[PDB]
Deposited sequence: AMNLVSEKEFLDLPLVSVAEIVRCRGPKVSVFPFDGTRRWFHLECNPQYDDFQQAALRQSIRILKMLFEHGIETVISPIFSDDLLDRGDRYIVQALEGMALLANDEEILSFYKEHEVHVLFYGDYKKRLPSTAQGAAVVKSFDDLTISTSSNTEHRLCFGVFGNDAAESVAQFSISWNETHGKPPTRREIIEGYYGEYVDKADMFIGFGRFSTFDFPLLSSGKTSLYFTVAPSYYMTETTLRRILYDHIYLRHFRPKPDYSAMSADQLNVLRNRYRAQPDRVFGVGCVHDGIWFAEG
């Protein structure tokens, strides 16, 4: 009923039809970090009110396609560029995610529950503004608590949770008398239970990041050439289709039942190009581009 869909049909289907398929076949959890943002700016040219827009646009796209939970890493530890202006403008962006007008409408409009994960509480400056963002985060997380249609997790310094898990477990054992389950551990870092990530949509260099405890061999990885904001309707559907129907294809192969020619034709697909590799690139104006 659902497995008979072709790529062509999938790409021609109405939005609400694709959503129903994703709701049933997944991906249930998708990691979409916002990359190539500054660059994106010195292209097509304000800014924060723009990046914000594109963020809302892409998030809107992802949720309207059936995806329930979107893990979106936004701030990395490399944040300490030392420029207080860089830090001040960063916290300003963090402020919009919880104080902005249209974005709050977005949450209410599409019933989205917002969560924040990372070592931001420990890392954020012990100043007025910084402490305000933390309260804003805590406030929002509870403000949208009533929304159950979609879930959004923002990564603020969420590179490695190891030490965080250690302290969480030590406290949990202290009050409970026994160690927490994996489920409980995940609820402690993300605030709520989240399933492993089904796919990671990156950009440029082949690399994943900022989604602790939610990675597995079953997390399909994708890397667009153009930065995140450049994503189109087509690109997404092709990514979804590959994940749902192609990644884990069934029935599995059966060599002991194939002709000597098929096995022969297959071996060629490999030995044809002996040194074929995906991930190696070339640089143009300081920007890395994947070859092939």
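TODO: Write out the missing regions of the deposited sequence in sequence order, one range per stretch.
DONE: According to the record, the single gap falls at 46-50.
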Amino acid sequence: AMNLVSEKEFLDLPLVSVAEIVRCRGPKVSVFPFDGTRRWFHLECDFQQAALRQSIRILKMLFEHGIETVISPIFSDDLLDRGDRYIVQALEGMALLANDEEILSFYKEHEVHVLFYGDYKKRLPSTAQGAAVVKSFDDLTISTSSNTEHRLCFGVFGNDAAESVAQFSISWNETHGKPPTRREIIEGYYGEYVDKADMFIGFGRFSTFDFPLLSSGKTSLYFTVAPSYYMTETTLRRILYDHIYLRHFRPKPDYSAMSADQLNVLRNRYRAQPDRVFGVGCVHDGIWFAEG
From here on, numbers count along this sequence of modelled residues.
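Open item on the list: Per the record, averaged over C-alpha atoms, which has the higher B-factor: 106-114 or 210-218?
Closed with: It is 106-114.
Task: Stretch with the higher entry mean CA B-factor, where the candidates are 166-174 and 130-138 - done: Comparing 166-174 with 130-138, the higher mean C-alpha B-factor belongs to 130-138.
TODO: Using the temperature factors in the entry, find which of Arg205, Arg123, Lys196, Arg183 has the highest value at its Cα atom.
DONE: Comparing C-alpha B-factors across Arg205, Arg123, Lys196, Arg183, the top value belongs to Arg123.
Task: Residue of maximum C-alpha B factor among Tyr241, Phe223, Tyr255, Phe63, per deposited coordinates - done: Out of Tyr241, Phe223, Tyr255, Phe63, the record gives the largest C-alpha B-factor to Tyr255.
- [ ] Among all modelled residues of this chain, ranked by Cα B factor, put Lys28 in the bottom, middle or top third, i.e. lowest, middle or highest.
- [x] Lowest third, going by the recorded CA B-factors of the chain.
Open item on the list: Can you tell me whether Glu92 has a C-alpha B-factor in the lowest, middle or highest third compared with the other modelled residues of the same chain?
Closed with: Ranked within chain, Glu92 CA B lands in the highest tercile.
TODO: Taking the chain's C-alpha temperature factors as the reference, tell me which third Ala272 falls into: lowest, middle or highest.
DONE: Its C-alpha B-factor, which the entry lists for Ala272, ranks in the highest third among residues of this chain.
Open item on the list: For the chain shown, is the CA B-factor of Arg57 in the lowest, middle or highest third of its modelled residues?
Closed with: Middle third - that is where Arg57 ends up once the chain's C-alpha B-factors are sorted.
Open item on the list: Ranking every modelled residue in this chain by its Cα temperature factor as given in the entry, which third contains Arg38?
Closed with: Highest third of the chain for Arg38's C-alpha B-factor.
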